[PDB]
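Two forms of a single protein chain come next, each set out by itself as structure tokens; they are called structure 1 and structure 2.
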Structure 1
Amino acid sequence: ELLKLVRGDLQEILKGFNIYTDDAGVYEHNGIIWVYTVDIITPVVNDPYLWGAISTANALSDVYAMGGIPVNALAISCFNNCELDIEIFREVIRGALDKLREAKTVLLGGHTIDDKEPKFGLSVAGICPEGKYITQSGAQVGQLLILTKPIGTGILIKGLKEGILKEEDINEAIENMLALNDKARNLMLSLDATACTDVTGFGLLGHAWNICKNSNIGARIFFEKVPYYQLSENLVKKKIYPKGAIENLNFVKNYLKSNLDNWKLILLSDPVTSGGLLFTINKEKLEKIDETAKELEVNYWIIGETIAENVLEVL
């Protein structure tokens, strides 16, 4: 039912303006470094509870990618008042509250706004301990690109909408979308990562370019090293994918250097929901990445490395 109610990468706008200051999203006050973010998403599964919990993990992700600790939040819910009821809304909140409790983040309130399409999310406030926050512009050539969750959810969600797939068929993807990036944040910080971002709506290639663009470098990504759901590959090969994937691919066209089949590039551009962290580390950190990860109980994949050529080389 929910999914049946469901129908670029440019922020330079603010760059051109002269902003009052007394991606970023960091604010310093009385020696304390705060980070804020907001994200609202349409249903990604038919289960109201899971949608609420996934949306929460998704919203918190930005804070974790910055090296921060989520502290509080406001719930933002949008829906049509003639298609949805309170019972389903109550379930969304139940999932959100449970995920927030797991994240030790305090919900301070919520606002309901009328919308033709169902949407739920949070505005979140976090703190960066020791003022240590990570950005997307500190990377340098010759560092390794680490990813903490597989990609391909956008394709699976599309499959669910088309009735081609059943929820029971993507339990792995659902578990990954529900997972908080707190442990991934700990790994990233432990390895003294030079830059970080989470992987969401712009796809793996789009978010990787964000790091390249802001750090003035390029990146080489190996398709065969990128973690993704087998079902995602199966569907994308059958031309089954969200329009956002082709849009994301088009957004990176000018920076792309590859000869791979389109289905692979489309897979790599697929919009990710509640994705993992994508970060860069100095080569020397390979000496303990395994020990540190197992200790923090978090998976990781080395998908490539930063290069001097200002391009996104996908091999």
Structure 2
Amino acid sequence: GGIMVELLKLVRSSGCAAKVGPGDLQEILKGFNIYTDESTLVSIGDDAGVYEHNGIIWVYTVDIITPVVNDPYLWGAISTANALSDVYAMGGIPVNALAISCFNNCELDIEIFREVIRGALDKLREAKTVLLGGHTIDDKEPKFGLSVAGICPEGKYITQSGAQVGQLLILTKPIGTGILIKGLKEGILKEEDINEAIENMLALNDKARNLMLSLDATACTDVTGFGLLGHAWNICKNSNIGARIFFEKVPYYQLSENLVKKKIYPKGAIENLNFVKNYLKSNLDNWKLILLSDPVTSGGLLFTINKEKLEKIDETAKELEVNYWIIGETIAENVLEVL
């Protein structure tokens, strides 16, 4: 029956963000004896590795994802913004990159591949980051991403571990994209219906980085694959504190709520939920906890600041053209309290 290209149908049904598990990940790595040196400032555990050389603080990160929209050009641009996000999350400036392309020449074709690259290039141009090469491998399930090298000007870098009790938790982009992507995959939604989320996914976190630094944030991370709760916990766990988050204060797309209540969501949201339930204190309905756990693609920065900094926050945000939402505060008890 039934009276363009569909990339999503080439991804294994009912996904997440294709990642392979939360915290337990960086925990495996911890059990190994890794060669490191005097230049290694931050190794495994944060949004990016930090390495000093010739007096310069470089940051390095890599991220690859499966299709999140059916338009190849937009997938390329969004994946690029996603990879660059971790540089911004460290307070760094992207400098150069390499592309990692997994695609099957007969399950698609050069034309589609060229559109993904074009989207990536245009976003790198906007981020003034130079693509220096890459690698392409035959893969039935298409994936695209980048390894990125950046610099932290004047040697200042923001990790996930300096947060203090009594600080405000600030978020710069809404959550709920994973739900929308599941909606597109099932053919219930089209790109036009989620133009606002697409715009947020395409947006570079460079303006949020500036805002973040301007407010002298103590800790910072970006919200991606492990959901808002999982990424908030990384700050908590690394700073040895807790967080109280108010569901009512969290920005999300109305459509994400309508779909999630109809049990339409990526299986990844459930896995993220299950991982944090070991430190979660909440009596909210599950549709709320699934929404808060939902994998986010190219999400905003999540950081901590002092109330006192709220003085010129909206002014700063304005001139910078970046939104922000106060979603909660850090607490002494090492738990995640969602009210």
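C-alpha atoms forming the largest set that superposes within 1.5 Å between two forms make up the rigid core. FYI, numbering is relative to structure 1, first residue = 1.
Put simply, after the core is superposed between the two structures, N80 is the one residue in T112, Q230, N80, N171 with a Cα shift of at least 2 angstroms. Aligning the rigid core between the two structures leaves the CA of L14 offset by 2.7 Å. The shift recorded for the CA atom of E284 between the two structures is 1.2 Å, with superposition on the rigid core.
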